[PDB]
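Chemist: Structure file query.pdb (PDB, N, CA, C and O atoms and all ligand atoms) right here:
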```pdb
ATOM      1  N   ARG O  15      -1.237  74.619 133.539
ATOM      2  CA  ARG O  15      -0.894  73.499 132.672
ATOM      3  C   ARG O  15      -2.140  72.701 132.299
ATOM      4  O   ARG O  15      -2.084  71.827 131.433
ATOM      5  N   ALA O  16      -3.263  73.000 132.958
ATOM      6  CA  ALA O  16      -4.493  72.265 132.673
ATOM      7  C   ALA O  16      -5.191  72.761 131.415
ATOM      8  O   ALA O  16      -5.874  71.978 130.741
ATOM      9  N   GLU O  17      -5.060  74.045 131.090
ATOM     10  CA  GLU O  17      -5.843  74.618 130.013
ATOM     11  C   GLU O  17      -5.356  74.105 128.660
ATOM     12  O   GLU O  17      -4.215  73.665 128.499
ATOM     13  N   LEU O  18      -6.243  74.161 127.677
ATOM     14  CA  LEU O  18      -5.836  73.863 126.307
ATOM     15  C   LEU O  18      -4.748  74.837 125.861
ATOM     16  O   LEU O  18      -4.880  76.049 126.038
ATOM     17  N   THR O  19      -3.672  74.311 125.278
ATOM     18  CA  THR O  19      -2.506  75.114 124.929
ATOM     19  C   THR O  19      -2.458  75.394 123.431
ATOM     20  O   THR O  19      -3.131  74.747 122.622
ATOM     21  N   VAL O  20      -1.594  76.344 123.055
ATOM     22  CA  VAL O  20      -1.414  76.644 121.633
ATOM     23  C   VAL O  20      -0.845  75.450 120.879
ATOM     24  O   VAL O  20      -1.374  75.117 119.806
ATOM     25  N   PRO O  21       0.198  74.766 121.359
ATOM     26  CA  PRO O  21       0.621  73.530 120.683
ATOM     27  C   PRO O  21      -0.501  72.514 120.531
ATOM     28  O   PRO O  21      -0.625  71.894 119.470
ATOM     29  N   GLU O  22      -1.346  72.345 121.555
ATOM     30  CA  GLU O  22      -2.466  71.427 121.430
ATOM     31  C   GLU O  22      -3.430  71.890 120.350
ATOM     32  O   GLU O  22      -3.899  71.082 119.538
ATOM     33  N   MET O  23      -3.733  73.191 120.320
ATOM     34  CA  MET O  23      -4.677  73.708 119.337
ATOM     35  C   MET O  23      -4.103  73.584 117.930
ATOM     36  O   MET O  23      -4.824  73.239 116.987
ATOM     37  N   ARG O  24      -2.803  73.856 117.777
ATOM     38  CA  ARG O  24      -2.152  73.692 116.480
ATOM     39  C   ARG O  24      -2.240  72.248 115.999
ATOM     40  O   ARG O  24      -2.599  71.984 114.847
ATOM     41  N   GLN O  25      -1.892  71.299 116.871
ATOM     42  CA  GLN O  25      -1.964  69.886 116.509
ATOM     43  C   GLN O  25      -3.382  69.493 116.114
ATOM     44  O   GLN O  25      -3.589  68.770 115.132
ATOM     45  N   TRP O  26      -4.373  69.966 116.864
ATOM     46  CA  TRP O  26      -5.749  69.605 116.568
ATOM     47  C   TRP O  26      -6.153  70.108 115.185
ATOM     48  O   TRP O  26      -6.859  69.413 114.438
ATOM     49  N   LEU O  27      -5.702  71.308 114.830
ATOM     50  CA  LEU O  27      -5.982  71.856 113.504
ATOM     51  C   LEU O  27      -5.275  71.063 112.416
ATOM     52  O   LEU O  27      -5.868  70.796 111.358
ATOM     53  N   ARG O  28      -4.008  70.687 112.638
ATOM     54  CA  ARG O  28      -3.313  69.859 111.652
ATOM     55  C   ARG O  28      -4.026  68.530 111.465
ATOM     56  O   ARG O  28      -4.171  68.048 110.334
ATOM     57  N   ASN O  29      -4.472  67.912 112.562
ATOM     58  CA  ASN O  29      -5.207  66.657 112.453
ATOM     59  C   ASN O  29      -6.477  66.843 111.638
ATOM     60  O   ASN O  29      -6.811  66.012 110.782
ATOM     61  N   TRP O  30      -7.214  67.919 111.922
ATOM     62  CA  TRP O  30      -8.485  68.167 111.251
ATOM     63  C   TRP O  30      -8.272  68.335 109.758
ATOM     64  O   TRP O  30      -8.933  67.682 108.937
ATOM     65  N   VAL O  31      -7.338  69.208 109.389
ATOM     66  CA  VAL O  31      -7.066  69.462 107.979
ATOM     67  C   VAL O  31      -6.554  68.202 107.301
ATOM     68  O   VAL O  31      -6.991  67.843 106.201
ATOM     69  N   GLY O  32      -5.592  67.528 107.932
ATOM     70  CA  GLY O  32      -5.065  66.303 107.350
ATOM     71  C   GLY O  32      -6.161  65.314 107.013
ATOM     72  O   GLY O  32      -6.158  64.709 105.938
ATOM     73  N   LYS O  33      -7.133  65.158 107.910
ATOM     74  CA  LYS O  33      -8.207  64.207 107.636
ATOM     75  C   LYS O  33      -9.088  64.689 106.489
ATOM     76  O   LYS O  33      -9.521  63.886 105.647
ATOM     77  N   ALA O  34      -9.340  66.002 106.429
ATOM     78  CA  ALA O  34     -10.229  66.565 105.413
ATOM     79  C   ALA O  34      -9.635  66.463 104.017
ATOM     80  O   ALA O  34     -10.367  66.257 103.042
ATOM     81  N   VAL O  35      -8.320  66.614 103.890
ATOM     82  CA  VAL O  35      -7.665  66.634 102.586
ATOM     83  C   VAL O  35      -6.901  65.355 102.297
ATOM     84  O   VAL O  35      -6.311  65.232 101.212
ATOM     85  N   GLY O  36      -6.899  64.392 103.214
ATOM     86  CA  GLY O  36      -6.238  63.126 102.955
ATOM     87  C   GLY O  36      -4.729  63.182 103.009
ATOM     88  O   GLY O  36      -4.058  62.580 102.156
ATOM     89  N   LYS O  37      -4.173  63.877 103.997
ATOM     90  CA  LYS O  37      -2.732  64.005 104.142
ATOM     91  C   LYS O  37      -2.349  63.805 105.600
ATOM     92  O   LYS O  37      -3.155  64.006 106.512
ATOM     93  N   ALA O  38      -1.103  63.402 105.805
ATOM     94  CA  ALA O  38      -0.602  63.206 107.153
ATOM     95  C   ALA O  38      -0.624  64.537 107.894
ATOM     96  O   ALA O  38      -0.221  65.563 107.327
ATOM     97  N   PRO O  39      -1.102  64.576 109.139
ATOM     98  CA  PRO O  39      -1.158  65.867 109.844
ATOM     99  C   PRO O  39       0.191  66.548 109.939
ATOM    100  O   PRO O  39       0.274  67.780 109.827
ATOM    101  N   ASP O  40       1.262  65.773 110.133
ATOM    102  CA  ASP O  40       2.597  66.348 110.217
ATOM    103  C   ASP O  40       3.020  67.048 108.937
ATOM    104  O   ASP O  40       3.998  67.806 108.965
ATOM    105  N   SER O  41       2.325  66.821 107.826
ATOM    106  CA  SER O  41       2.678  67.448 106.562
ATOM    107  C   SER O  41       1.904  68.732 106.297
ATOM    108  O   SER O  41       2.182  69.407 105.298
ATOM    109  N   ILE O  42       0.951  69.085 107.160
ATOM    110  CA  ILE O  42       0.111  70.258 106.944
ATOM    111  C   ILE O  42       0.896  71.510 107.320
ATOM    112  O   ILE O  42       1.438  71.614 108.427
ATOM    113  N   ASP O  43       0.951  72.467 106.396
ATOM    114  CA  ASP O  43       1.766  73.665 106.568
ATOM    115  C   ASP O  43       1.002  74.679 107.415
ATOM    116  O   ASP O  43      -0.074  75.135 107.020
ATOM    117  N   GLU O  44       1.551  75.020 108.585
ATOM    118  CA  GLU O  44       0.868  75.913 109.513
ATOM    119  C   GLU O  44       0.999  77.388 109.158
ATOM    120  O   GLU O  44       0.383  78.224 109.836
ATOM    121  N   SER O  45       1.785  77.734 108.140
ATOM    122  CA  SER O  45       2.056  79.131 107.811
ATOM    123  C   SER O  45       1.338  79.611 106.563
ATOM    124  O   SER O  45       1.335  80.817 106.295
ATOM    125  N   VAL O  46       0.754  78.709 105.782
ATOM    126  CA  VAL O  46       0.066  79.117 104.562
ATOM    127  C   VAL O  46      -1.362  79.533 104.896
ATOM    128  O   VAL O  46      -1.912  79.138 105.939
ATOM    129  N   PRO O  47      -1.998  80.329 104.049
ATOM    130  CA  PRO O  47      -3.398  80.682 104.286
ATOM    131  C   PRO O  47      -4.265  79.432 104.302
ATOM    132  O   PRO O  47      -4.101  78.536 103.478
ATOM    133  N   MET O  48      -5.188  79.368 105.262
ATOM    134  CA  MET O  48      -6.021  78.175 105.369
ATOM    135  C   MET O  48      -6.908  77.995 104.135
ATOM    136  O   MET O  48      -7.281  76.865 103.799
ATOM    137  N   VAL O  49      -7.224  79.077 103.420
ATOM    138  CA  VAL O  49      -7.958  78.930 102.165
ATOM    139  C   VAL O  49      -7.142  78.255 101.069
ATOM    140  O   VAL O  49      -7.704  77.910 100.020
ATOM    141  N   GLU O  50      -5.838  78.057 101.272
ATOM    142  CA  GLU O  50      -4.982  77.369 100.308
ATOM    143  C   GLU O  50      -4.673  75.926 100.696
ATOM    144  O   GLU O  50      -3.882  75.266 100.009
ATOM    145  N   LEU O  51      -5.292  75.406 101.754
ATOM    146  CA  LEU O  51      -4.973  74.071 102.243
ATOM    147  C   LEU O  51      -5.738  72.964 101.534
ATOM    148  O   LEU O  51      -5.422  71.788 101.747
ATOM    149  N   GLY O  52      -6.712  73.300 100.696
ATOM    150  CA  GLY O  52      -7.563  72.298 100.086
ATOM    151  C   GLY O  52      -8.857  72.043 100.826
ATOM    152  O   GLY O  52      -9.556  71.070 100.504
ATOM    153  N   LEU O  53      -9.184  72.880 101.808
ATOM    154  CA  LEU O  53     -10.463  72.849 102.499
ATOM    155  C   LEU O  53     -11.547  73.452 101.618
ATOM    156  O   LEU O  53     -11.302  74.389 100.852
ATOM    157  N   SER O  54     -12.750  72.900 101.734
ATOM    158  CA  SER O  54     -13.945  73.414 101.078
ATOM    159  C   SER O  54     -14.732  74.290 102.040
ATOM    160  O   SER O  54     -14.475  74.329 103.243
ATOM    161  N   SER O  55     -15.729  74.985 101.498
ATOM    162  CA  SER O  55     -16.604  75.764 102.367
ATOM    163  C   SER O  55     -17.379  74.859 103.317
ATOM    164  O   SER O  55     -17.592  75.215 104.485
ATOM    165  N   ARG O  56     -17.780  73.668 102.855
ATOM    166  CA  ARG O  56     -18.390  72.705 103.766
ATOM    167  C   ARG O  56     -17.431  72.333 104.893
ATOM    168  O   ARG O  56     -17.850  72.174 106.048
ATOM    169  N   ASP O  57     -16.142  72.162 104.571
ATOM    170  CA  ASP O  57     -15.154  71.879 105.613
ATOM    171  C   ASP O  57     -15.106  73.002 106.637
ATOM    172  O   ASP O  57     -14.979  72.753 107.841
ATOM    173  N   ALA O  58     -15.159  74.251 106.172
ATOM    174  CA  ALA O  58     -15.105  75.388 107.085
ATOM    175  C   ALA O  58     -16.256  75.340 108.082
ATOM    176  O   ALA O  58     -16.069  75.598 109.280
ATOM    177  N   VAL O  59     -17.461  75.036 107.603
ATOM    178  CA  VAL O  59     -18.617  74.942 108.494
ATOM    179  C   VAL O  59     -18.401  73.845 109.527
ATOM    180  O   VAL O  59     -18.662  74.036 110.720
ATOM    181  N   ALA O  60     -17.933  72.676 109.077
ATOM    182  CA  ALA O  60     -17.737  71.553 109.986
ATOM    183  C   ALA O  60     -16.617  71.841 110.969
ATOM    184  O   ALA O  60     -16.723  71.501 112.156
ATOM    185  N   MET O  61     -15.536  72.455 110.498
ATOM    186  CA  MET O  61     -14.435  72.751 111.402
ATOM    187  C   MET O  61     -14.848  73.788 112.429
ATOM    188  O   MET O  61     -14.495  73.675 113.605
ATOM    189  N   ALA O  62     -15.606  74.800 112.000
ATOM    190  CA  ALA O  62     -16.096  75.795 112.948
ATOM    191  C   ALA O  62     -16.915  75.143 114.057
ATOM    192  O   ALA O  62     -16.776  75.502 115.233
ATOM    193  N   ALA O  63     -17.789  74.197 113.701
ATOM    194  CA  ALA O  63     -18.568  73.492 114.715
ATOM    195  C   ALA O  63     -17.662  72.693 115.635
ATOM    196  O   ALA O  63     -17.874  72.657 116.851
ATOM    197  N   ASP O  64     -16.654  72.025 115.069
ATOM    198  CA  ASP O  64     -15.761  71.220 115.900
ATOM    199  C   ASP O  64     -14.945  72.102 116.841
ATOM    200  O   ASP O  64     -14.722  71.735 118.005
ATOM    201  N   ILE O  65     -14.523  73.285 116.372
ATOM    202  CA  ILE O  65     -13.795  74.216 117.242
ATOM    203  C   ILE O  65     -14.684  74.681 118.388
ATOM    204  O   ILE O  65     -14.233  74.803 119.533
ATOM    205  N   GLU O  66     -15.965  74.926 118.104
ATOM    206  CA  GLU O  66     -16.883  75.356 119.156
ATOM    207  C   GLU O  66     -17.091  74.251 120.188
ATOM    208  O   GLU O  66     -17.237  74.525 121.387
ATOM    209  N   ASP O  67     -17.101  72.991 119.745
ATOM    210  CA  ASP O  67     -17.236  71.876 120.673
ATOM    211  C   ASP O  67     -15.976  71.680 121.506
ATOM    212  O   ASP O  67     -16.057  71.268 122.668
ATOM    213  N   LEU O  68     -14.809  71.952 120.926
ATOM    214  CA  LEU O  68     -13.546  71.767 121.630
ATOM    215  C   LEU O  68     -13.276  72.883 122.638
ATOM    216  O   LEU O  68     -12.738  72.627 123.727
ATOM    217  N   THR O  69     -13.616  74.126 122.277
ATOM    218  CA  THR O  69     -13.164  75.308 123.005
ATOM    219  C   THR O  69     -14.282  76.161 123.571
ATOM    220  O   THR O  69     -14.001  77.020 124.418
ATOM    221  N   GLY O  70     -15.521  75.980 123.118
ATOM    222  CA  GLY O  70     -16.619  76.847 123.492
ATOM    223  C   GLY O  70     -16.636  78.175 122.766
ATOM    224  O   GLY O  70     -17.505  79.010 123.055
ATOM    225  N   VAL O  71     -15.711  78.392 121.832
ATOM    226  CA  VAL O  71     -15.610  79.630 121.063
ATOM    227  C   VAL O  71     -16.345  79.467 119.742
ATOM    228  O   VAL O  71     -16.082  78.521 118.992
ATOM    229  N   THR O  72     -17.244  80.405 119.444
ATOM    230  CA  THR O  72     -17.834  80.545 118.116
ATOM    231  C   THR O  72     -16.946  81.507 117.329
ATOM    232  O   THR O  72     -16.938  82.714 117.599
ATOM    233  N   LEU O  73     -16.223  80.980 116.343
ATOM    234  CA  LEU O  73     -15.224  81.754 115.617
ATOM    235  C   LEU O  73     -15.902  82.705 114.632
ATOM    236  O   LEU O  73     -16.676  82.260 113.780
ATOM    237  N   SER O  74     -15.615  84.009 114.743
ATOM    238  CA  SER O  74     -16.170  84.985 113.808
ATOM    239  C   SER O  74     -15.368  85.006 112.512
ATOM    240  O   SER O  74     -14.182  84.668 112.488
ATOM    241  N   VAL O  75     -16.042  85.382 111.417
ATOM    242  CA  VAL O  75     -15.339  85.601 110.158
ATOM    243  C   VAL O  75     -14.186  86.555 110.379
ATOM    244  O   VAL O  75     -13.075  86.352 109.871
ATOM    245  N   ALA O  76     -14.441  87.621 111.129
ATOM    246  CA  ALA O  76     -13.418  88.638 111.340
ATOM    247  C   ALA O  76     -12.179  88.040 111.981
ATOM    248  O   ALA O  76     -11.053  88.235 111.499
ATOM    249  N   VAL O  77     -12.356  87.321 113.088
ATOM    250  CA  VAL O  77     -11.193  86.742 113.755
ATOM    251  C   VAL O  77     -10.485  85.745 112.847
ATOM    252  O   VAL O  77      -9.247  85.723 112.771
ATOM    253  N   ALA O  78     -11.241  84.875 112.172
ATOM    254  CA  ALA O  78     -10.593  83.818 111.401
ATOM    255  C   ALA O  78      -9.777  84.402 110.256
ATOM    256  O   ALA O  78      -8.625  84.009 110.031
ATOM    257  N   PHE O  79     -10.348  85.357 109.528
ATOM    258  CA  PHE O  79      -9.626  85.835 108.357
ATOM    259  C   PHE O  79      -8.590  86.883 108.696
ATOM    260  O   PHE O  79      -7.718  87.157 107.854
ATOM    261  N   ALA O  80      -8.616  87.406 109.918
ATOM    262  CA  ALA O  80      -7.518  88.218 110.425
ATOM    263  C   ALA O  80      -6.389  87.365 110.969
ATOM    264  O   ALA O  80      -5.295  87.890 111.191
ATOM    265  N   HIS O  81      -6.630  86.074 111.188
ATOM    266  CA  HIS O  81      -5.612  85.130 111.648
ATOM    267  C   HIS O  81      -5.691  83.934 110.724
ATOM    268  O   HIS O  81      -6.112  82.842 111.122
ATOM    269  N   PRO O  82      -5.313  84.120 109.460
ATOM    270  CA  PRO O  82      -5.711  83.179 108.403
ATOM    271  C   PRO O  82      -4.794  81.981 108.210
ATOM    272  O   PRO O  82      -4.896  81.324 107.169
ATOM    273  N   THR O  83      -3.904  81.698 109.154
ATOM    274  CA  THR O  83      -3.009  80.553 109.081
ATOM    275  C   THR O  83      -3.256  79.666 110.297
ATOM    276  O   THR O  83      -3.759  80.125 111.321
ATOM    277  N   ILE O  84      -2.910  78.379 110.201
ATOM    278  CA  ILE O  84      -3.155  77.501 111.350
ATOM    279  C   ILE O  84      -2.465  78.045 112.596
ATOM    280  O   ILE O  84      -3.054  78.092 113.682
ATOM    281  N   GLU O  85      -1.204  78.460 112.466
ATOM    282  CA  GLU O  85      -0.490  78.861 113.675
ATOM    283  C   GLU O  85      -1.067  80.144 114.257
ATOM    284  O   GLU O  85      -1.218  80.247 115.479
ATOM    285  N   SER O  86      -1.423  81.128 113.410
ATOM    286  CA  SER O  86      -1.977  82.370 113.952
ATOM    287  C   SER O  86      -3.392  82.156 114.493
ATOM    288  O   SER O  86      -3.760  82.735 115.527
ATOM    289  N   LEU O  87      -4.196  81.334 113.814
ATOM    290  CA  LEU O  87      -5.538  81.047 114.315
ATOM    291  C   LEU O  87      -5.467  80.352 115.669
ATOM    292  O   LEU O  87      -6.163  80.738 116.613
ATOM    293  N   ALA O  88      -4.612  79.332 115.786
ATOM    294  CA  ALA O  88      -4.479  78.615 117.053
ATOM    295  C   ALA O  88      -4.074  79.562 118.168
ATOM    296  O   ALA O  88      -4.633  79.526 119.271
ATOM    297  N   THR O  89      -3.091  80.419 117.898
ATOM    298  CA  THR O  89      -2.642  81.376 118.898
ATOM    299  C   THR O  89      -3.783  82.272 119.361
ATOM    300  O   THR O  89      -3.933  82.518 120.562
ATOM    301  N   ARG O  90      -4.636  82.714 118.435
ATOM    302  CA  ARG O  90      -5.710  83.636 118.787
ATOM    303  C   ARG O  90      -6.855  82.931 119.516
ATOM    304  O   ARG O  90      -7.460  83.520 120.429
ATOM    305  N   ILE O  91      -7.163  81.688 119.140
ATOM    306  CA  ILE O  91      -8.228  80.946 119.822
ATOM    307  C   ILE O  91      -7.891  80.766 121.295
ATOM    308  O   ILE O  91      -8.756  80.904 122.176
ATOM    309  N   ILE O  92      -6.632  80.448 121.589
ATOM    310  CA  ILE O  92      -6.225  80.178 122.965
ATOM    311  C   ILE O  92      -5.987  81.480 123.709
ATOM    312  O   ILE O  92      -6.425  81.664 124.854
ATOM    313  N   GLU O  93      -5.296  82.393 123.044
ATOM    314  CA  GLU O  93      -4.734  83.600 123.601
ATOM    315  C   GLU O  93      -5.677  84.763 123.360
ATOM    316  O   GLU O  93      -5.341  85.710 122.648
TER     317      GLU O  93
HETATM  318 CA    CA U 101     -11.946  66.601 101.450
HETATM  319 CA    CA U 102      -4.227  60.164 101.264
HETATM  320 CA    CA U 103       6.452  77.901 108.909
HETATM  321 CA    CA U 104     -22.306  71.738 120.279
HETATM  322 CA    CA U 105     -12.375  86.352 123.497
END
```
Go ahead and render the structure in this file as structure tokens.
Modeler:
Amino acid sequence: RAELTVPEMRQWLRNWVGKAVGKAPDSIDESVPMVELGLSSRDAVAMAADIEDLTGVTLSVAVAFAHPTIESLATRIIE
């Protein structure tokens, strides 16, 4: 119960996207492709750095685009 969980990772991603695009985190759709959320390439760089600070994982292009939705990405980062 101590480790970072998938619900926690999902929430953190919704918060991040919500702040980047100016929307309530609860309104961020976890099933759409993250390239359709209104994130910029600059956002991707910043989010990748923030994920590495949160989890110690350096996210590869391969992993991210093979898990291209918030819910699938969160599941793969943790799991
Ligand atoms: Ca923005
Ligand atoms: Ca707004
Ligand atoms: Ca859904
Ligand atoms: Ca660092
Ligand atoms: Ca791994």
Chemist: To verify the selection step, state as a PyMOL selection string which residues the PyMOL selection byres (((chain O and resi 84-92) around 6) and not hetatm) yields on this input.
Modeler: chain O and resi 18+20+23-24+43-46+48+81-83+93
Chemist: Pick from O:31, O:76, O:68, O:38: nearest to residue 53 of chain O, with only N, CA, C and O atoms counted?
Modeler: O:31
Chemist: Give me, as a tab-separated table, the closest atom pair and its distance (Å, one decimal) for every residue of chain O within a cut-off of 6 Å of ligand CA 101 (chain U), counting all atoms listed in the file, rows sorted by chain and rising number.
Modeler:
```
residue	atom	partner	partner_atom	distance
O:33	O	U:CA101	CA	5.6
O:34	O	U:CA101	CA	2.3
O:35	N	U:CA101	CA	4.4
O:36	N	U:CA101	CA	5.8
O:52	O	U:CA101	CA	5.2
```
Chemist: Provide the atom O of residue 32 of chain O to atom N of residue 15 of chain O distance in Å, to one decimal place.
Modeler: 29.7 Å
Chemist: Hey, what comes out of the PyMOL selection byres (((chain O and resi 61 and name CA) around 12) and not hetatm and name CA) on this file? Could you write it as a list in words?
Modeler: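 Expected selection for the PyMOL selection byres (((chain O and resi 61 and name CA) around 12) and not hetatm and name CA) here is residues 26, 27, 28, 29, 30, 31, 33, 34, 48, 53, 54, 55, 56, 57, 58, 59, 60, 62, 63, 64, 65, 66, 67, 68, 69, 71, 72, 73 and 78 of chain O.
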Chemist: Padding of 6 Å on every side, edges along x, y and z, all listed atoms of segment 35-46 of chain O included: what centre and edge lengths in Å, to one decimal, does that box have, as lines of an AutoDock Vina configuration file?
Modeler:
```
center_x = -2.2
center_y = 71.7
center_z = 105.7
size_x = 24.3
size_y = 30.2
size_z = 21.0
```
Chemist: Please indicate the distance in Å from atom CA of residue 25 of chain O to atom N of residue 41 of chain O, rounded to one decimal place.
Modeler: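 Taking atom CA of residue 25 of chain O and atom N of residue 41 of chain O, their separation equals 10.2 Å.
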Chemist: Any idea what the distance is between atom CA of residue 47 of chain O and atom CA of residue 77 of chain O?
Modeler: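 Computing it gives 13.7 Å between the two atoms.
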Chemist: Keeping N, CA and C atoms (and nothing else), can you write segment 21-35 of chain O of this structure as a short mmCIF file (atom, residue, chain, number, x, y, z; two decimals), in the first residue's frame?
Modeler:
```
data_model
loop_
_atom_site.label_atom_id
_atom_site.label_comp_id
_atom_site.auth_asym_id
_atom_site.auth_seq_id
_atom_site.Cartn_x
_atom_site.Cartn_y
_atom_site.Cartn_z
N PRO O 21 -4.23 4.39 -9.67
CA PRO O 21 -5.10 5.56 -9.44
C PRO O 21 -4.33 6.83 -9.12
N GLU O 22 -3.27 6.73 -8.31
CA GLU O 22 -2.46 7.91 -8.03
C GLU O 22 -1.81 8.44 -9.29
N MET O 23 -1.25 7.54 -10.11
CA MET O 23 -0.57 7.97 -11.33
C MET O 23 -1.56 8.58 -12.31
N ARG O 24 -2.76 7.99 -12.42
CA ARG O 24 -3.80 8.55 -13.28
C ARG O 24 -4.18 9.96 -12.83
N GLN O 25 -4.43 10.14 -11.54
CA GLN O 25 -4.78 11.45 -11.02
C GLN O 25 -3.68 12.47 -11.29
N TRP O 26 -2.43 12.06 -11.10
CA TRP O 26 -1.32 12.98 -11.31
C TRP O 26 -1.26 13.43 -12.76
N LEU O 27 -1.53 12.52 -13.68
CA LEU O 27 -1.56 12.86 -15.10
C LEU O 27 -2.73 13.79 -15.42
N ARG O 28 -3.91 13.52 -14.86
CA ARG O 28 -5.04 14.43 -15.08
C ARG O 28 -4.72 15.82 -14.55
N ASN O 29 -4.11 15.90 -13.37
CA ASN O 29 -3.73 17.20 -12.82
C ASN O 29 -2.77 17.92 -13.75
N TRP O 30 -1.76 17.19 -14.25
CA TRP O 30 -0.74 17.79 -15.10
C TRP O 30 -1.36 18.34 -16.37
N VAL O 31 -2.15 17.52 -17.05
CA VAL O 31 -2.78 17.94 -18.29
C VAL O 31 -3.74 19.09 -18.04
N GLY O 32 -4.58 18.96 -17.01
CA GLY O 32 -5.51 20.03 -16.69
C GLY O 32 -4.82 21.37 -16.54
N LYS O 33 -3.67 21.37 -15.85
CA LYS O 33 -2.97 22.64 -15.66
C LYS O 33 -2.40 23.16 -16.98
N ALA O 34 -1.90 22.25 -17.82
CA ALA O 34 -1.27 22.64 -19.08
C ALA O 34 -2.28 23.22 -20.07
N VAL O 35 -3.50 22.70 -20.08
CA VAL O 35 -4.51 23.12 -21.06
C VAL O 35 -5.58 24.00 -20.44
#
```
